[PDB]
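Trainee: Got a structure for you, written out below as structure tokens; questions coming shortly.
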Amino acid sequence: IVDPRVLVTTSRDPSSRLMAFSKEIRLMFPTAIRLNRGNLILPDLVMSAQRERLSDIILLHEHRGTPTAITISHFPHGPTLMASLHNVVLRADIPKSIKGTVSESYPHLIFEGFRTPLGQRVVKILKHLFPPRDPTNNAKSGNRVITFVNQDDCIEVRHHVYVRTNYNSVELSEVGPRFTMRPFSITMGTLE
Amino acid sequence: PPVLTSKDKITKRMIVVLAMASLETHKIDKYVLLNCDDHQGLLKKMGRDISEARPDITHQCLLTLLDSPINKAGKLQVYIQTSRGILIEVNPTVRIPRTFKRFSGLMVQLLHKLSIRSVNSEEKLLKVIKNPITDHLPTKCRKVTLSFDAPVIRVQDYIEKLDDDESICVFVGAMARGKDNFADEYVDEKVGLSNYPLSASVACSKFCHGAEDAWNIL
Amino acid sequence: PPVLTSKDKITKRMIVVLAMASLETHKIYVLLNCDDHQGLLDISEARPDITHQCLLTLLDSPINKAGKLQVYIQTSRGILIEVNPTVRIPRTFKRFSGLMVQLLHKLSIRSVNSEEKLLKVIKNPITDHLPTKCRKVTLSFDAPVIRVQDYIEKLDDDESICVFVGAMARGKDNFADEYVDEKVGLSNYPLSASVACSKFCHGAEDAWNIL
Amino acid sequence: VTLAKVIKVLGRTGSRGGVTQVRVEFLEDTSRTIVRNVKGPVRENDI
Amino acid sequence: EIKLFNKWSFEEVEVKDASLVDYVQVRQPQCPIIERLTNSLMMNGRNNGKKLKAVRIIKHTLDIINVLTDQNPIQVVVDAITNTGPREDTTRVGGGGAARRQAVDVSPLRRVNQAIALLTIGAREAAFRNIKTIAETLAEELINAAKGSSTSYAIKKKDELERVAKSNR
Amino acid sequence: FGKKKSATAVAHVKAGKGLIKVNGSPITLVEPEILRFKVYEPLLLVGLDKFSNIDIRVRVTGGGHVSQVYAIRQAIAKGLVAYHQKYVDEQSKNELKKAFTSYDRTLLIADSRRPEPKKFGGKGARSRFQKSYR
RNA sequence: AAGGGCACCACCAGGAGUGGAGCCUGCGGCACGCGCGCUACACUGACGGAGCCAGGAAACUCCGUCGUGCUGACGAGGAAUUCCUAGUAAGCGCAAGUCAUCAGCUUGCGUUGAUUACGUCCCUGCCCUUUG
């Protein structure tokens with residue numbers, strides 16, 4: 001199939017801080033669209049999926065019960081999962097010199113804490129979401145890796161740029177965004 | 001005698017903008033204005049702000065303008081425009097402090113709070129406002145830059161040529177030296193006022209005088 | 001531009017004499033002045049800033065640059081100072097005071113090289129130093145307003161013009177009455193001393209095709 | 001849109017001539033029409 | 001959407017110097033004919049965030065702005081945004097540093113627009129006459145843009161923009 | 001018979017007399033007025049062929065105000081031309097129609113606009129909240 | 001470095017905007033800093049009576065009172081920087097999550113209802129090659 005396209009939808013309770021998280025996680029590089037309006041009431045998600053031709057969707061919602069909640073949704077049966085994250089105001093910002101950053105390159109993946117869990121869903125999700133183009137040919141020139149680690153009940157999303165020397169040698173430099181996801185409600189597809 | 005402000009876009013009037021003004025607070029744990037007397041030691045140490053610290057010029061100019069008849073007659077408003085890009089509107093009825101020490105105190109407070117309020121009235125006396133100056137200016141306003149290297153003019157004559165509904169805005173460099181391009185992007189032309197280099201204050205009297213003559217102010 | 005002095009009694013010049021100037025040193029010496037010596041004290045007799053203000057206003061003028069101006073200062077205690085037209089007076093009050101204090105102690109400020117005296121305490125009265133053809137006038141809110149340009153044009157081709165302005169914050173216009181021919185006003189509004197100075201300079205610059 | 005040529009019309013029988021236009025440091029397309037000064041290709045236009 | 005008519009209905013089918021008329025009641029090059037301007041005069045009025053009353057505004061501004069020395073109201077409104085547009089201002093340079101800004105047209109729909117929300121603005125910014133007649137400032141100022149179509153008297157920057165894009169050219 | 005951007009107006013058609021009541025009133029009133037015309041301007045709009053006729057009138061109700069107003073709008077002439085022949089014109093009902101829609105947008109069918117959609121964001125829709133992490 | 005592309009999380013054209021203000025809730029500190037906001041500076045208004053109707057809603061329409069006077073902190077905000085191209089933005093509001101009580105949150109949902117563009121130019125990002 002063609003590369004899956006993503007639609008980011010700000011919910012009724014989406015704010016600035018959560019929107020900043022949407023912008024950094026999503027970007028026109030280039031299989032993505034942003035809307036400043038959206039809802040998860042319904043059939044509405046299926047409606048937006050058809051009219052915008054996006055099989056991946058992210059709803060942005062925040063209440064005190066579920067703060068900074070990002071509901072990842074796939075058109076394919078076996079979908080939704082709520083991932084909530086929060087940031088500290090004290091986190092230093094990395095504004096880019098380390099990463100001259102070619103937009104639209106196939107990211108590398110590393111998953112730490114793979115099992116067996118009913119989760120498996122998360123690994124499936126993020127692999128389907130950010131693996132873009134499926135090619136037989138790969139140029140070995142970089143660039144970045146998406147790392148996901150289980151941390152005694154939260155998933156730690158990190159993004160690093162690769163540097164290589166003759167010392168071995170791979171070294172990593174974090175470029176962000178840095179997110180700790182708290183797992184919420186899940187919906188799974190029927191056997192059919 | 002109605003007080004003139006940027007809100008009014010129609011009245012014919014003279015506006016002086018003290019461009020490139022040297023206003024900057026200084027920490028020491030108390031605050032004061034960066035100025036060549038106290039801080040010539042420091043400035044030099046840090047290898048710069050050589051005469052970038054001349055708030056007195058601004059102070060001089062202000063007294064000079066507000067003390068002028070054309071101000072008393074209510075046909076003049078002033079604006080400031082800092083080296084660091086801060087823009088101030090000056091309420092024409094403000095009795096600015098006579099001494100530099102007392103001036104400093106008040107400019108330090110204005111800069112930290114963005115406005116100075118009358119103790120009884122709700123109109124501000126000084127107010128930090130948003131650039132560009134050209135939003136706040138009258139709709140039909142002639143704009144010029146005073147410059148030693150520009151064609152010399154007789155202000156009285158320069159003024160009688162203005163449409164009866166057209167204001168005049170003059171940008172003066174409130175500074176000891178520098179290129180007179182602090183306003184190239186806004187002005188229609190540049191003019192000289194004397195064959196002698198002037199000080200900002202003097203340029204200011206000269207111009208007020210001139211308007212005062214031409215607009216019949218005693 | 002050949003420099004004007006009290007010796008030249010022929011040339012047609014404009015003279016401004018800053019009267020009731022507050023120049024009283026205070027032993028600690030520095031200049032007595034509102035800011036520092038507010039507490040120590042009547043604030044009116046201590047406004048040297050006004051003098052300093054006017055000196056800048058006056059020496060910076062096109063008319064002084066054309067060397068047809070002469071400044072004199074006569075304090076509120078009757079001390080008399082001739083200012084040299086070519087002196088580049090300190091720009092800041094602080095530096096001004098250092099200098100002003102020194103001059104009062106030494107009676108003159110000498111150029112580090114030239115024989116000229118940048119500033120000098122001379123003996124009274126001021127009449128013995130002015131030109132022989134010279135109109136004596138006092139500025140006053142309490143007098144008939146005038147156009148400075150008109151007034152200057154009525155002067156004999158030889159007649160100089162000497163105005164007495166009060167370098168003070170408040171008070172009677174009497175300070176020069178024993179010398180003046182006439183008291184006049186430059187405005188319908190009451191002016192600061194320095195502003196009154198601009199007015200005259202500028203009006204006379206106009207009258208004299210300066211420049 | 002630097003005004004192209006100025007093919008007026010005879011002598012005193014033209015309220016004003018026409019003028020094509022496109023752009024150099026931006027756009028570029030066919031045109032003519034609205035303006036009645038008297039500059040030239042020395043002068044220019046915008047898009 | 002969503003205005004009215006009558007109230008005078010003085011339809012001056014002339015007054016349209018330069019281009020303009022080929023877009024005096026238009027939008028396209030990007031609407032179509034967004035009701036003969038006065039649908040945008042009335043619209044550029046929604047500067048708090050909602051039409052109607054805006055609609056009134058317009059209307060009052062009209063009956064007023066014609067009652068007072070009538071020029072057919074609508075033709076004052078046309079002859080308002082008429083002799084009252086920009087005409088070849090500057091726009092950055094890039095050719096320097098530290099630019100400079102050169103000038104030129106003025107894509108018609110511009111001239112109309114850039115003077116529309118403009119006269120609109122000058123109005124909005126009451127502060128003279130800081131009365132209570134929004135439609136007055138909206139009128140007179142627009143009237144001081146019909147009578148004002150005799151200098152200056154409310155627009156002003158009208159000139160400025162142009163009476164400036166000559167030197168730094 | 002015609003709904004408008006979340007609103008909806010119903011059509012009454014069978015020949016009668018004057019006083020055409022909207023909701024249960026009189027297109028004299030219709031008091032969310034100001035632009036109270038554009039309602040009386042369908043009937044007025046009859047300015048193209050007819051003068052008023054001699055027929056019927058029905059009630060509207062949906063969404064909110066100006067919505068409804070714009071609904072009752074089509075409602076009318078979207079019901080003068082009513083089929084016909086007992087309503088529209090027993091022949092060539094393009095009489096009105098093409099005329100009552102050579103300057104229309106109400107009887108000129110309805111607008112493809114309709115509220116919905118937001119976003120996991122800020123307000124939602126497209127306006128996604130304002131964030132500026134440092 | 002080169003050469004070239006795409007994008008309102010990037011510019012242009014503007015729109016609304018925070019950053020000033022009061023309180024709000026977070027992250028620090030441990031008098032004070034940084035962030036997401038709420039409501040305000042008022043005459044397109046506030047204020048009372050009244051008209052209606054949404055997925056006794058409010059914004060809103062009318063009739064009348066106040067007189068641009070800190071009236072019935074804060075006089076429109078420095079340097080920065082946010083976001084968005086139409087059933088949008090923007091304003092106004094309610095349902096639901098939260099729950100014994102509690103929403104200045106949030107996901108939603110209707111209500112009024114703009115101005116903007118030839119766009120690619122440059123600043124930011126991304127990319128694709130080549131080139132080391």
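Numbering starts fresh at 1 for the residues of each chain in the structure tokens, the chains themselves are lettered A, B, ... in the order given, and ligands are numbered from 1 as they appear.
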Could you please write out, as a CSV table (one decimal) with N, CA, C and O atoms, in the first residue's frame, every residue of chain A that DSSP assigns to strand (DSSP E)?
Mentor:
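Output below, filename selection08.csv:
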chain,number,residue,atom,x,y,z
A,6,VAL,N,-1.2,10.5,8.3
A,6,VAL,CA,-1.7,10.8,9.7
A,6,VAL,C,-2.4,12.1,9.7
A,6,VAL,O,-2.0,13.1,9.1
A,7,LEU,N,-3.5,12.1,10.5
A,7,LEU,CA,-4.3,13.3,10.7
A,7,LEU,C,-4.4,13.6,12.2
A,7,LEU,O,-4.9,12.8,13.0
A,8,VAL,N,-3.8,14.8,12.6
A,8,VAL,CA,-3.8,15.2,13.9
A,8,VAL,C,-5.0,16.1,14.2
A,8,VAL,O,-5.2,17.2,13.5
A,9,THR,N,-5.8,15.8,15.2
A,9,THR,CA,-7.1,16.4,15.4
A,9,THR,C,-7.1,17.0,16.9
A,9,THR,O,-7.1,16.2,17.8
A,10,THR,N,-7.1,18.3,17.0
A,10,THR,CA,-7.3,18.9,18.3
A,10,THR,C,-8.7,18.7,18.8
A,10,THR,O,-9.6,18.9,18.0
A,32,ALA,N,1.6,13.8,6.6
A,32,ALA,CA,0.8,14.2,7.8
A,32,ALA,C,0.0,15.5,7.5
A,32,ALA,O,0.4,16.3,6.7
A,33,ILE,N,-1.2,15.6,8.1
A,33,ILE,CA,-2.0,16.8,8.1
A,33,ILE,C,-2.4,17.2,9.5
A,33,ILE,O,-2.7,16.3,10.3
A,34,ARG,N,-2.6,18.5,9.7
A,34,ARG,CA,-3.0,19.0,10.9
A,34,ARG,C,-4.3,19.8,10.8
A,34,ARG,O,-4.5,20.5,9.8
A,35,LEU,N,-5.2,19.5,11.7
A,35,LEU,CA,-6.5,20.3,11.8
A,35,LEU,C,-6.5,20.9,13.2
A,35,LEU,O,-6.1,20.3,14.2
A,56,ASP,N,-4.3,6.9,9.8
A,56,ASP,CA,-3.7,7.1,11.2
A,56,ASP,C,-4.2,8.5,11.7
A,56,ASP,O,-4.2,9.5,10.9
A,57,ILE,N,-4.7,8.5,12.9
A,57,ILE,CA,-5.2,9.7,13.5
A,57,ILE,C,-4.8,9.8,15.0
A,57,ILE,O,-4.7,8.8,15.7
A,58,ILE,N,-4.6,11.1,15.4
A,58,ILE,CA,-4.3,11.4,16.8
A,58,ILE,C,-5.2,12.5,17.3
A,58,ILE,O,-5.1,13.6,16.8
A,59,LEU,N,-6.0,12.2,18.3
A,59,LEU,CA,-6.8,13.2,18.9
A,59,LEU,C,-6.1,13.7,20.2
A,59,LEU,O,-5.6,13.0,21.0
A,60,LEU,N,-6.3,15.0,20.4
A,60,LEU,CA,-5.6,15.7,21.5
A,60,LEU,C,-6.7,16.2,22.4
A,60,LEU,O,-7.5,17.0,22.1
A,61,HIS,N,-6.6,15.7,23.7
A,61,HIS,CA,-7.6,16.0,24.7
A,61,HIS,C,-6.9,16.2,26.1
A,61,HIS,O,-5.9,15.5,26.3
A,69,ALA,N,-3.9,14.0,27.0
A,69,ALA,CA,-4.2,12.7,26.4
A,69,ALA,C,-4.2,12.7,24.9
A,69,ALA,O,-4.8,13.5,24.2
A,70,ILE,N,-3.4,11.8,24.4
A,70,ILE,CA,-3.2,11.6,22.9
A,70,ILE,C,-3.7,10.2,22.6
A,70,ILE,O,-3.2,9.1,22.9
A,71,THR,N,-4.9,10.2,21.9
A,71,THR,CA,-5.6,8.9,21.5
A,71,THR,C,-5.1,8.6,20.1
A,71,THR,O,-5.6,9.2,19.1
A,72,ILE,N,-4.3,7.6,20.0
A,72,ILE,CA,-3.8,7.1,18.7
A,72,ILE,C,-4.9,6.1,18.1
A,72,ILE,O,-5.3,5.2,18.8
A,73,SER,N,-5.2,6.4,16.9
A,73,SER,CA,-6.2,5.6,16.2
A,73,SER,C,-5.8,5.1,14.8
A,73,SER,O,-5.3,5.9,14.0
A,74,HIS,N,-6.1,3.9,14.5
A,74,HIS,CA,-5.8,3.3,13.2
A,74,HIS,C,-7.1,2.8,12.6
A,74,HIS,O,-7.9,2.3,13.3
A,81,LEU,N,-5.8,3.4,21.4
A,81,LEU,CA,-5.1,3.4,22.7
A,81,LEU,C,-4.8,4.8,23.1
A,81,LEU,O,-4.3,5.6,22.3
A,82,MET,N,-5.1,5.1,24.4
A,82,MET,CA,-4.9,6.4,25.0
A,82,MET,C,-3.5,6.5,25.6
A,82,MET,O,-3.2,5.7,26.5
A,83,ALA,N,-2.7,7.4,25.2
A,83,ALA,CA,-1.4,7.7,25.7
A,83,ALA,C,-1.3,9.1,26.3
A,83,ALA,O,-1.3,10.1,25.6
A,84,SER,N,-1.1,9.2,27.6
A,84,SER,CA,-1.1,10.5,28.2
A,84,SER,C,0.3,10.9,28.6
A,84,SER,O,1.0,10.1,29.2
A,85,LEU,N,0.7,12.0,28.1
A,85,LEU,CA,1.9,12.5,28.7
A,85,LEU,C,2.1,13.9,29.3
A,85,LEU,O,1.6,14.8,28.8
A,108,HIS,N,15.0,4.7,12.1
A,108,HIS,CA,15.4,3.4,12.8
A,108,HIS,C,14.6,3.2,14.1
A,108,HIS,O,14.1,4.2,14.6
A,109,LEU,N,14.3,2.0,14.4
A,109,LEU,CA,13.6,1.7,15.7
A,109,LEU,C,14.4,0.8,16.6
A,109,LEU,O,15.0,-0.2,16.1
A,110,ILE,N,14.3,1.1,17.9
A,110,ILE,CA,14.7,0.2,18.9
A,110,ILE,C,13.7,0.1,20.1
A,110,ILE,O,13.2,1.2,20.6
A,111,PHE,N,13.3,-1.1,20.4
A,111,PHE,CA,12.3,-1.3,21.5
A,111,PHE,C,13.0,-2.0,22.6
A,111,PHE,O,13.4,-3.2,22.4
A,112,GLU,N,13.0,-1.4,23.8
A,112,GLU,CA,13.6,-2.0,25.0
A,112,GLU,C,12.4,-2.4,26.0
A,112,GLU,O,11.7,-1.6,26.4
A,144,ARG,N,18.4,9.1,12.0
A,144,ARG,CA,17.9,9.1,13.3
A,144,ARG,C,17.2,7.8,13.7
A,144,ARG,O,16.8,7.0,12.9
A,145,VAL,N,17.1,7.6,15.0
A,145,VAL,CA,16.4,6.5,15.6
A,145,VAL,C,15.3,6.9,16.6
A,145,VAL,O,15.4,7.8,17.3
A,146,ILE,N,14.2,6.1,16.5
A,146,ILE,CA,13.1,6.3,17.5
A,146,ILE,C,13.2,5.2,18.5
A,146,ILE,O,13.1,4.0,18.2
A,147,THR,N,13.4,5.5,19.7
A,147,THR,CA,13.6,4.6,20.8
A,147,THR,C,12.4,4.6,21.8
A,147,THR,O,11.9,5.7,22.2
A,148,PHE,N,11.9,3.4,22.1
A,148,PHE,CA,10.8,3.3,23.1
A,148,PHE,C,11.2,2.2,24.1
A,148,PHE,O,11.4,1.1,23.8
A,149,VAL,N,11.2,2.7,25.4
A,149,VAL,CA,11.6,1.8,26.5
A,149,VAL,C,10.4,1.8,27.6
A,149,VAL,O,9.9,2.8,27.9
A,150,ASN,N,10.2,0.6,28.0
A,150,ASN,CA,9.2,0.4,29.1
A,150,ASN,C,9.9,0.8,30.4
A,150,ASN,O,11.0,0.3,30.7
A,155,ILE,N,5.7,4.3,29.0
A,155,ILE,CA,6.6,4.0,27.8
A,155,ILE,C,7.3,5.3,27.5
A,155,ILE,O,6.7,6.4,27.4
A,156,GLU,N,8.6,5.2,27.4
A,156,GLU,CA,9.5,6.3,27.2
A,156,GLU,C,10.0,6.5,25.8
A,156,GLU,O,10.8,5.8,25.3
A,157,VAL,N,9.3,7.5,25.2
A,157,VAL,CA,9.6,7.8,23.8
A,157,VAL,C,10.8,8.8,23.7
A,157,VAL,O,10.7,9.9,24.2
A,158,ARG,N,11.8,8.4,23.0
A,158,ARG,CA,13.0,9.2,22.8
A,158,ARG,C,13.4,9.2,21.3
A,158,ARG,O,13.1,8.2,20.6
A,159,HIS,N,14.0,10.3,20.9
A,159,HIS,CA,14.5,10.4,19.5
A,159,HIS,C,15.9,10.9,19.5
A,159,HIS,O,16.2,12.0,20.1
A,160,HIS,N,16.8,10.1,18.9
A,160,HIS,CA,18.2,10.5,18.8
A,160,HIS,C,18.7,10.6,17.4
A,160,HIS,O,18.2,9.8,16.5
A,161,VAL,N,19.7,11.5,17.2
A,161,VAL,CA,20.4,11.5,15.9
A,161,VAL,C,21.7,10.7,16.0
A,161,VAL,O,22.3,10.6,17.1
A,162,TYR,N,22.1,10.0,14.9
A,162,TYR,CA,23.2,9.1,14.9
A,162,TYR,C,24.5,9.9,14.5
A,162,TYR,O,24.5,10.7,13.6
A,163,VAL,N,25.6,9.6,15.2
A,163,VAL,CA,26.9,10.0,14.9
A,163,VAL,C,27.8,8.7,14.9
A,163,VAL,O,27.8,7.9,15.8
A,164,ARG,N,28.6,8.6,13.8
A,164,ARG,CA,29.5,7.4,13.7
A,164,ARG,C,30.9,7.9,13.5
A,164,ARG,O,31.2,8.8,12.7
A,170,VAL,N,29.2,3.9,17.1
A,170,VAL,CA,28.0,4.8,17.1
A,170,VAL,C,27.9,5.5,18.4
A,170,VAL,O,27.9,4.9,19.5
A,171,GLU,N,27.5,6.7,18.3
A,171,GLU,CA,27.1,7.6,19.5
A,171,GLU,C,25.8,8.3,19.1
A,171,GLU,O,25.4,8.4,17.9
A,172,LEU,N,25.1,8.6,20.1
A,172,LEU,CA,23.7,9.3,19.9
A,172,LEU,C,23.7,10.6,20.6
A,172,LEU,O,24.3,10.9,21.6
A,173,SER,N,22.9,11.5,19.9
A,173,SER,CA,22.6,12.8,20.5
A,173,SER,C,21.0,13.0,20.4
A,173,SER,O,20.4,12.9,19.4
A,174,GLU,N,20.4,13.3,21.6
A,174,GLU,CA,19.0,13.4,21.7
A,174,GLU,C,18.6,14.8,21.0
A,174,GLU,O,19.2,15.8,21.2
A,179,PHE,N,9.1,12.3,25.4
A,179,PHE,CA,7.8,12.0,25.9
A,179,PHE,C,7.7,10.7,26.8
A,179,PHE,O,8.2,9.7,26.5
A,180,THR,N,7.1,10.8,28.0
A,180,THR,CA,6.7,9.7,28.8
A,180,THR,C,5.2,9.4,28.7
A,180,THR,O,4.3,10.1,29.3
A,181,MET,N,4.8,8.3,28.1
A,181,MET,CA,3.4,8.0,27.8
A,181,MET,C,2.8,7.1,29.0
A,181,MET,O,3.3,6.0,29.2
A,182,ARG,N,1.7,7.6,29.5
A,182,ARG,CA,0.9,6.8,30.5
A,182,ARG,C,-0.3,6.2,29.7
A,182,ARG,O,-1.0,6.9,29.1
A,183,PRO,N,-0.3,4.9,29.8
A,183,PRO,CA,-1.3,4.1,29.1
A,183,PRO,C,-2.7,4.2,29.7
A,183,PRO,O,-2.9,4.1,30.9
A,184,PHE,N,-3.7,4.5,28.9
A,184,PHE,CA,-5.1,4.6,29.3
A,184,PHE,C,-6.0,3.5,28.6
A,184,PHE,O,-5.5,2.4,28.6
A,185,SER,N,-7.2,3.8,28.2
A,185,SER,CA,-8.2,2.9,27.7
A,185,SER,C,-7.7,2.4,26.3
A,185,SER,O,-7.0,3.1,25.6
A,186,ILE,N,-8.1,1.2,26.0
A,186,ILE,CA,-7.8,0.5,24.8
A,186,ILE,C,-9.0,0.0,24.1
A,186,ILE,O,-9.9,-0.6,24.7
Trainee: Could you list, as number ranges by chain, every residue of chain G that has an atom within 12 Å of an atom of chain F, counting only C-alpha atoms (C1' of nucleotides)?
Mentor: G: 8-9, 16-19, 27, 34-37, 51-55, 57-62, 80-90, 105-113
Trainee: Pick out each residue of chain F that DSSP on the backbone tags as helix (DSSP H, G or I); I need them as number ranges by chain.
Mentor: F: 40-43, 65-77
Trainee: Can I get the selection written as a compact mmCIF listing (two decimals), in the first residue's frame, with N, CA, C and O atoms?
Mentor:
# COMPACT_ATOMS: atom_id res chain seq x y z
N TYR F 40 -38.96 38.64 3.57
CA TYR F 40 -39.98 39.34 2.80
C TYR F 40 -39.43 39.64 1.42
O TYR F 40 -40.10 40.24 0.59
N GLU F 41 -38.20 39.21 1.16
CA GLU F 41 -37.56 39.46 -0.13
C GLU F 41 -37.62 38.24 -1.04
O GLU F 41 -37.09 38.25 -2.14
N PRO F 42 -38.25 37.17 -0.56
CA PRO F 42 -38.53 36.05 -1.43
C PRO F 42 -39.85 36.41 -2.03
O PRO F 42 -40.01 36.42 -3.24
N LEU F 43 -40.81 36.73 -1.16
CA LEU F 43 -42.10 37.21 -1.62
C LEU F 43 -41.91 38.47 -2.46
O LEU F 43 -42.51 38.61 -3.52
N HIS F 65 -30.85 31.38 15.43
CA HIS F 65 -31.51 32.51 14.78
C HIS F 65 -31.23 32.70 13.28
O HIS F 65 -31.91 32.13 12.43
N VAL F 66 -30.26 33.54 12.95
CA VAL F 66 -30.00 33.83 11.55
C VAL F 66 -30.03 32.55 10.71
O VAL F 66 -30.34 32.58 9.51
N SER F 67 -29.69 31.42 11.34
CA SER F 67 -29.85 30.11 10.70
C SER F 67 -31.28 29.98 10.20
O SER F 67 -31.55 29.98 8.99
N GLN F 68 -32.21 29.87 11.15
CA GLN F 68 -33.62 29.81 10.82
C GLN F 68 -33.98 30.85 9.76
O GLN F 68 -34.59 30.51 8.74
N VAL F 69 -33.61 32.11 9.98
CA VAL F 69 -34.01 33.16 9.03
C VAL F 69 -33.66 32.71 7.64
O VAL F 69 -34.51 32.70 6.77
N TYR F 70 -32.40 32.33 7.44
CA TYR F 70 -31.95 31.88 6.13
C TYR F 70 -32.70 30.64 5.65
O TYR F 70 -32.78 30.38 4.45
N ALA F 71 -33.25 29.87 6.59
CA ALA F 71 -34.02 28.66 6.26
C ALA F 71 -35.43 28.95 5.71
O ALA F 71 -35.76 28.55 4.59
N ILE F 72 -36.26 29.61 6.52
CA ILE F 72 -37.55 30.12 6.07
C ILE F 72 -37.43 30.74 4.67
O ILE F 72 -38.39 30.76 3.89
N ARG F 73 -36.21 31.21 4.35
CA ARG F 73 -35.89 31.87 3.08
C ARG F 73 -36.17 30.96 1.89
O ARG F 73 -37.13 31.15 1.15
N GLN F 74 -35.31 29.96 1.70
CA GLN F 74 -35.56 28.96 0.68
C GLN F 74 -36.98 28.48 0.91
O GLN F 74 -37.80 28.53 0.01
N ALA F 75 -37.26 28.07 2.14
CA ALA F 75 -38.57 27.59 2.53
C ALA F 75 -39.66 28.13 1.62
O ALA F 75 -40.33 27.36 0.94
N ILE F 76 -39.84 29.45 1.61
CA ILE F 76 -40.83 30.06 0.71
C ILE F 76 -40.70 29.68 -0.81
O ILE F 76 -41.40 28.77 -1.29
N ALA F 77 -39.82 30.34 -1.58
CA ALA F 77 -39.79 30.11 -3.04
C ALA F 77 -39.42 28.67 -3.45
O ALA F 77 -39.61 28.26 -4.60
Trainee: Show me, as a list in words, the residues of chain E whose atoms get within 12 Å of chain F, using only C-alpha atoms for the distance check.
Mentor: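 That gives the following set of residues: residues 1, 2, 3, 4, 5, 6, 35, 51, 52, 53, 54, 55, 56, 57, 58, 59 and 60 of chain E.
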Trainee: How many Å lie between CA of residue 114 in chain E and CA of residue 42 in chain D, rounded to one decimal?
Mentor: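 Interatomic distance here is 26.8 Å.
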Trainee: I'd like the neighbourhood of residue 97 in chain C as a ChimeraX atom specification, where a residue qualifies if any of its atoms comes within 7 Å (using only C-alpha atoms (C1' of nucleotides)), though same-chain residues fewer than 4 positions away should be ignored.
Mentor: /C:30-31,93,101
Trainee: Which residues, written as a ChimeraX atom specification, have at least one atom at most 10 Å from range 4-10 of chain D, with only C-alpha atoms (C1' of nucleotides) counted and residues fewer than 4 positions away on the same chain left out?
Mentor: /D:14-22,30-32,38-45
Trainee: State, in Å with one decimal place, the distance from CA of residue 40 in chain C to CA of residue 31 in chain B.
Mentor: 24.7 Å
Trainee: May I have the residues of chain E within 12 Å of chain B, counting only C-alpha atoms, written as JSON, numbers by chain?
Mentor: {"E": [90, 91, 92, 93, 98, 99, 100, 101, 102, 118, 119, 121, 122, 123, 124, 125, 126, 127, 128, 129, 130, 137, 140, 141, 144, 145, 148, 150, 151, 152, 153, 154, 155, 156, 157, 158, 159, 160, 161, 162, 163, 164, 165, 166, 167, 168, 169]}
Trainee: Please return, as a list in words, all residues of chain D lying within 9 Å of chain E when only C-alpha atoms are considered.
Mentor: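 Here they are: residues 1, 2, 33, 34, 35, 36, 44, 45, 46 and 47 of chain D.
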Trainee: Which residues are close to residue 217 in chain B, i.e. within 7 Å by only C-alpha atoms (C1' of nucleotides), leaving aside same-chain residues fewer than 3 positions away? Reply as a list in words.
Mentor: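 Close residues of residue 217 in chain B: residues 69, 70, 212 and 213 of chain B.
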Trainee: Near chain G, meaning an atom within 7 Å, which residues of chain E appear when counting only C-alpha atoms (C1' of nucleotides)? Write them as a PyMOL selection string.
Mentor: chain E and resi 43-44+46+48-51+94+132+134
